[PDB]
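**Q** Before I ask anything, let me first share the structure, which is written out below as structure tokens.
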Amino acid sequence: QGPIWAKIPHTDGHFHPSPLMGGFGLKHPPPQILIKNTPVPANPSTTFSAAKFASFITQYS
Amino acid sequence: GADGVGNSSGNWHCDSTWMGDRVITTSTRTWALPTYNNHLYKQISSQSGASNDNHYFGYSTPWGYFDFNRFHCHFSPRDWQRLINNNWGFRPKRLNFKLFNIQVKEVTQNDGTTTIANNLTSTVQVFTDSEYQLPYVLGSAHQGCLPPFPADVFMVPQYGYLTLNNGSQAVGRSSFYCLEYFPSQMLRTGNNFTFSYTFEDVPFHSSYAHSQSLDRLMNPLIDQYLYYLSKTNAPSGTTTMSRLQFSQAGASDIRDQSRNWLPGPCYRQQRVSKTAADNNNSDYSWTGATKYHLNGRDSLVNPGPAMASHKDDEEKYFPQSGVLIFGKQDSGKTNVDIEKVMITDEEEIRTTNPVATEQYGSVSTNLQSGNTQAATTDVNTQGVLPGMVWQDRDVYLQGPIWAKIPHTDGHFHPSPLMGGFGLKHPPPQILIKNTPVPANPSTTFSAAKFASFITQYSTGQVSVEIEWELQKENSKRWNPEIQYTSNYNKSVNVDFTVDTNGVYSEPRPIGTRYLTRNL
Amino acid sequence: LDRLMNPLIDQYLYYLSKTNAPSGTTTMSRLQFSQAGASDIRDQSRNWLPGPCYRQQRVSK
């Protein structure tokens, strides 16, 4: 139940770069995977307004 | 190349070319070379009454040498700005050197009046120590490099070296080198000298600052799944009892999170303030200094391992002997005030390297028990540990470029402590000398060596071209970055220009770390 | 030439609309700025200027 890898910090020098919590030190570790729900605006006004939207449809995925 | 008296043996090349990931800088200067030591080799040694720390033994030769081991020999201030504002790293690739338009001139000192004339048949000797057989004296931050301003004429420095000594005397192991024992090329006016050199592979110099701290690398929104010891006792009826308790670290207790890395090594220095009143009223320049002990001698550690100059909100402080200190224009040699020097600052590396004037940390010294409380102590010197990361010292427009790595059995992270690139085969030394021309000899034979020569010196042009490899930045940062810039406000003089008397001056030291990078 | 805007949307640029403001029973110099719309269309920022001129005398039929 412990960690597997850790990204080696991009520095000028480092010594024996195995992460201290245990595991494999990688200069190019598995990349981060980001995910987000695209916002869906709610019912807008019928007269133009330059203010940014603040009312969205509540949803998840 | 070789031709007559009325033919220039070379042209003036001085500019920079930027093309993609390369930049080629070529510079030209005019030099003057006297006759050193009156054509003799001389044994030199420390004074008899010198302290044991200052004893030395060595030789001084009649040779001069060319030196271009400072960045401002190659980069103009504008070129330096281009480099540091748009690149994450750089390194030298190859080198070209040329010596041309030699002129030898003889001096006559009749009756206090000096007459100078051409000597068309005299010569100069040049050779490059391409096998590293002479003691390498470059890389010690000596004066005598090419001037930063291309219009200046400079004198070639004299060559000399030190060997093993026992006090003021030598030992059997000490070695003596005769530079005439090398093959060298002899040039008359009309000959030139060139050679080429290829740098070995070295890591790019880090021209960035980290935008994250080593102790701040977590996601501040999610707790860890690991626990730490958060309390060692708990309240009982009107009292307490020993009782271990554990917690998961979050943002509220961010100092307790488990981490994978450690800050770089440390070697503590004494702190002094730029405000005069803050410092002690005593002479602690040597007693309070940090030094190393080698063969019974003490030697100042200067500047030593790369550590941050100060923590935040403390620009007024700096380590006693932990920073490079350049002098302002025309500042003296000995005991000048603080207004005459320019003190560098290495604060950009406090994200990974400890502050030079604080302890590295604290470790426990005993075993706590029912009747013994835990005790800790500060760590003032910490060698490297597995899991450490650190940055190297920055380079400056007027600082050194490279240094020769000593030929030893072992070495660790061989980047020179004054900053720059460590090379096992650095650019070779270039020695030069006027060939002696004896004066009127006697008409009856004498076996004694000659002692009367024609007084003469030489002059000419020197050019050096270096190709540098660039490493372009690829940042996804949204907000604008910090850049080096000139101030817009009015002033009597423009920075990095000449004054009304013709004196070129550099008003401040310029590092390389302006762009940013994630840790 | 002076009517080329969209009369429904205000500009994002400002113009100087008032140079003084009322104080206690008096006024004080105080610069104020506004975004031009349709109500003050004469104040909108524009990209062009009318052609040159050389004034003549006017006569009536």
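Letters for chains follow the order of the structure tokens (A, B, ...), residue numbers begin at 1 for each chain, and ligand numbers begin at 1 in the order shown.
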I'd like the neighbourhood of region 188-202 of chain B as a PDB file with N, CA and C atoms, in the first residue's frame, where a residue qualifies if any of its atoms comes within 7 Å (using only C-alpha atoms), though same-chain residues fewer than 6 positions away should be ignored.
**A**
ATOM      1  N   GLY B   1      49.740  30.674 -43.178  1.00  0.00           N
ATOM      2  CA  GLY B   1      49.812  31.980 -43.804  1.00  0.00           C
ATOM      3  C   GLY B   1      51.107  32.715 -43.516  1.00  0.00           C
ATOM      4  N   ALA B   2      51.710  33.273 -44.563  1.00  0.00           N
ATOM      5  CA  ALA B   2      52.957  34.010 -44.424  1.00  0.00           C
ATOM      6  C   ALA B   2      53.128  34.921 -45.626  1.00  0.00           C
ATOM      7  N   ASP B   3      53.536  36.157 -45.350  1.00  0.00           N
ATOM      8  CA  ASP B   3      53.820  37.109 -46.416  1.00  0.00           C
ATOM      9  C   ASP B   3      54.785  38.184 -45.937  1.00  0.00           C
ATOM     10  N   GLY B   4      54.895  39.272 -46.696  1.00  0.00           N
ATOM     11  CA  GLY B   4      55.941  40.249 -46.498  1.00  0.00           C
ATOM     12  C   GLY B   4      55.703  41.156 -45.307  1.00  0.00           C
ATOM     13  N   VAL B   5      56.424  42.275 -45.316  1.00  0.00           N
ATOM     14  CA  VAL B   5      56.296  43.266 -44.260  1.00  0.00           C
ATOM     15  C   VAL B   5      55.033  44.090 -44.446  1.00  0.00           C
ATOM     16  N   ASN B   7      52.017  43.476 -45.504  1.00  0.00           N
ATOM     17  CA  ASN B   7      50.784  42.715 -45.661  1.00  0.00           C
ATOM     18  C   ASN B   7      50.206  42.432 -44.290  1.00  0.00           C
ATOM     19  N   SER B   9      48.373  40.293 -41.689  1.00  0.00           N
ATOM     20  CA  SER B   9      48.192  38.855 -41.593  1.00  0.00           C
ATOM     21  C   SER B   9      46.826  38.465 -41.059  1.00  0.00           C
ATOM     22  N   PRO B  92      29.447  25.976 -23.833  1.00  0.00           N
ATOM     23  CA  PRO B  92      30.352  26.160 -24.968  1.00  0.00           C
ATOM     24  C   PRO B  92      30.495  24.887 -25.778  1.00  0.00           C
ATOM     25  N   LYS B  93      30.760  25.053 -27.072  1.00  0.00           N
ATOM     26  CA  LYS B  93      30.842  23.932 -27.992  1.00  0.00           C
ATOM     27  C   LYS B  93      32.219  23.797 -28.626  1.00  0.00           C
ATOM     28  N   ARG B  94      32.729  24.853 -29.249  1.00  0.00           N
ATOM     29  CA  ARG B  94      34.034  24.794 -29.885  1.00  0.00           C
ATOM     30  C   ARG B  94      34.629  26.192 -29.902  1.00  0.00           C
ATOM     31  N   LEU B  95      35.921  26.262 -30.204  1.00  0.00           N
ATOM     32  CA  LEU B  95      36.681  27.483 -30.013  1.00  0.00           C
ATOM     33  C   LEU B  95      37.698  27.641 -31.129  1.00  0.00           C
ATOM     34  N   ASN B  96      37.926  28.890 -31.519  1.00  0.00           N
ATOM     35  CA  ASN B  96      38.925  29.244 -32.515  1.00  0.00           C
ATOM     36  C   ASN B  96      39.759  30.394 -31.980  1.00  0.00           C
ATOM     37  N   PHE B  97      41.072  30.301 -32.132  1.00  0.00           N
ATOM     38  CA  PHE B  97      41.995  31.290 -31.604  1.00  0.00           C
ATOM     39  C   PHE B  97      42.975  31.685 -32.693  1.00  0.00           C
ATOM     40  N   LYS B  98      43.322  32.965 -32.742  1.00  0.00           N
ATOM     41  CA  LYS B  98      44.168  33.483 -33.802  1.00  0.00           C
ATOM     42  C   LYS B  98      45.021  34.623 -33.271  1.00  0.00           C
ATOM     43  N   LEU B  99      46.269  34.670 -33.718  1.00  0.00           N
ATOM     44  CA  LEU B  99      47.230  35.687 -33.322  1.00  0.00           C
ATOM     45  C   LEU B  99      47.889  36.229 -34.577  1.00  0.00           C
ATOM     46  N   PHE B 100      47.845  37.544 -34.773  1.00  0.00           N
ATOM     47  CA  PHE B 100      48.245  38.083 -36.064  1.00  0.00           C
ATOM     48  C   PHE B 100      48.688  39.529 -35.919  1.00  0.00           C
ATOM     49  N   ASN B 101      49.275  40.045 -36.999  1.00  0.00           N
ATOM     50  CA  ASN B 101      49.766  41.420 -37.078  1.00  0.00           C
ATOM     51  C   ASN B 101      50.798  41.709 -35.997  1.00  0.00           C
ATOM     52  N   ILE B 102      51.789  40.829 -35.881  1.00  0.00           N
ATOM     53  CA  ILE B 102      52.818  40.992 -34.867  1.00  0.00           C
ATOM     54  C   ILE B 102      53.753  42.126 -35.252  1.00  0.00           C
ATOM     55  N   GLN B 103      54.089  42.969 -34.280  1.00  0.00           N
ATOM     56  CA  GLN B 103      55.079  44.019 -34.459  1.00  0.00           C
ATOM     57  C   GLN B 103      56.034  43.997 -33.282  1.00  0.00           C
ATOM     58  N   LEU B 120      62.550  44.563 -37.686  1.00  0.00           N
ATOM     59  CA  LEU B 120      61.791  43.744 -38.620  1.00  0.00           C
ATOM     60  C   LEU B 120      62.208  42.284 -38.582  1.00  0.00           C
ATOM     61  N   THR B 121      63.372  41.975 -38.020  1.00  0.00           N
ATOM     62  CA  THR B 121      63.871  40.610 -38.116  1.00  0.00           C
ATOM     63  C   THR B 121      63.676  39.845 -36.817  1.00  0.00           C
ATOM     64  N   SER B 122      63.391  40.544 -35.726  1.00  0.00           N
ATOM     65  CA  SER B 122      63.167  39.865 -34.460  1.00  0.00           C
ATOM     66  C   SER B 122      61.870  39.073 -34.505  1.00  0.00           C
ATOM     67  N   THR B 123      61.703  38.179 -33.540  1.00  0.00           N
ATOM     68  CA  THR B 123      60.601  37.237 -33.565  1.00  0.00           C
ATOM     69  C   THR B 123      60.006  37.034 -32.180  1.00  0.00           C
ATOM     70  N   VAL B 124      58.832  36.418 -32.161  1.00  0.00           N
ATOM     71  CA  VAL B 124      58.188  35.986 -30.928  1.00  0.00           C
ATOM     72  C   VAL B 124      57.883  34.503 -31.042  1.00  0.00           C
ATOM     73  N   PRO B 427      40.289  24.371 -22.356  1.00  0.00           N
ATOM     74  CA  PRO B 427      41.073  25.049 -23.374  1.00  0.00           C
ATOM     75  C   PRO B 427      42.512  25.201 -22.923  1.00  0.00           C
TER      76      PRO B 427
END
**Q** Pull the closest atom pair for each residue of chain A that gets at most 10 Å from chain C, along with the distance in Å to one decimal, counting only C-alpha atoms, ordering rows by chain and then ascending residue number, as a tab-separated table.
**A**
residue	atom	partner	partner_atom	distance
A:47	CA	C:8	CA	9.4
A:48	CA	C:9	CA	7.6
A:49	CA	C:9	CA	8.7
A:50	CA	C:9	CA	9.0
**Q** Rank A:31, A:23, A:44, A:13 by their smallest atom-to-atom distance to chain B, using only C-alpha atoms, and report the top residue only.
**A**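 Among A:31, A:23, A:44, A:13, it is A:13 that comes nearest to chain B.
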**Q** Pick out the residues sitting within 10 Å of residue 14 (chain C), and hand them over as a PyMOL selection string; count only C-alpha atoms, and ignore anything fewer than 4 positions along from it in its own chain.
**A** chain C and resi 32-36+43-45
**Q** Dump as a PyMOL selection string the residues of chain B that approach chain A to within 7 Å, counting only C-alpha atoms.
**A** chain B and resi 206+259-261+385-392+519
**Q** Going by DSSP on the backbone, which bits of chain C are strand (DSSP E or B)? Write them as a list in words, please.
**A**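 Secondary structure check on chain C, strand (DSSP E or B): residues 14, 15, 16, 17, 18, 19, 20, 21, 22, 23, 26, 27, 28, 29, 30, 31, 32, 33, 34 and 35 of chain C.
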**Q** As an exercise, work out the distance from CA of residue 498 (chain B) to CA of residue 138 (chain B) in Å and give it to one decimal place.
**A**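 Between these atoms lies a distance of 28.9 Å.
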**Q** Between CA of residue 375 (chain B) and CA of residue 240 (chain B), what is the spacing in Å?
**A**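 For CA of residue 240 (chain B) relative to CA of residue 375 (chain B), the distance reads 20.4 Å.
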**Q** Go through A:58, A:36, A:43, A:3 one by one, measure the shortest atom-to-atom distance of each to residue 24 (chain A) using only C-alpha atoms, and give the residue with the smallest value.
**A**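 Looking at the shortest contact to residue 24 (chain A), the residue is A:3.
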**Q** If you measure from CA of residue 471 (chain B) to CA of residue 348 (chain B), what distance in Å do you get, rounded to one decimal?
**A**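 CA of residue 348 (chain B) lies 19.5 Å from CA of residue 471 (chain B).
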**Q** Find the residues near region 19-21 of chain B: any atom within 8 Å, counting only C-alpha atoms, skip ones fewer than 4 places away on the same chain, and give them as a list in words.
**A**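 Listing them by chain and then by number gives residues 469, 470, 471 and 472 of chain B.
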**Q** With N, CA and C atoms retained, export the selected residues as a PDB file, in the first residue's frame.
**A**
ATOM      1  N   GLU B 469      26.021  26.512 -27.409  1.00  0.00           N
ATOM      2  CA  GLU B 469      24.755  25.838 -27.643  1.00  0.00           C
ATOM      3  C   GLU B 469      23.732  26.339 -26.641  1.00  0.00           C
ATOM      4  N   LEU B 470      22.548  26.678 -27.133  1.00  0.00           N
ATOM      5  CA  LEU B 470      21.484  27.226 -26.311  1.00  0.00           C
ATOM      6  C   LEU B 470      20.449  26.158 -26.007  1.00  0.00           C
ATOM      7  N   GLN B 471      19.710  26.365 -24.928  1.00  0.00           N
ATOM      8  CA  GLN B 471      18.599  25.499 -24.557  1.00  0.00           C
ATOM      9  C   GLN B 471      17.392  26.397 -24.353  1.00  0.00           C
ATOM     10  N   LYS B 472      16.477  26.381 -25.316  1.00  0.00           N
ATOM     11  CA  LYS B 472      15.354  27.303 -25.300  1.00  0.00           C
ATOM     12  C   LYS B 472      14.350  26.916 -24.229  1.00  0.00           C
TER      13      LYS B 472
END
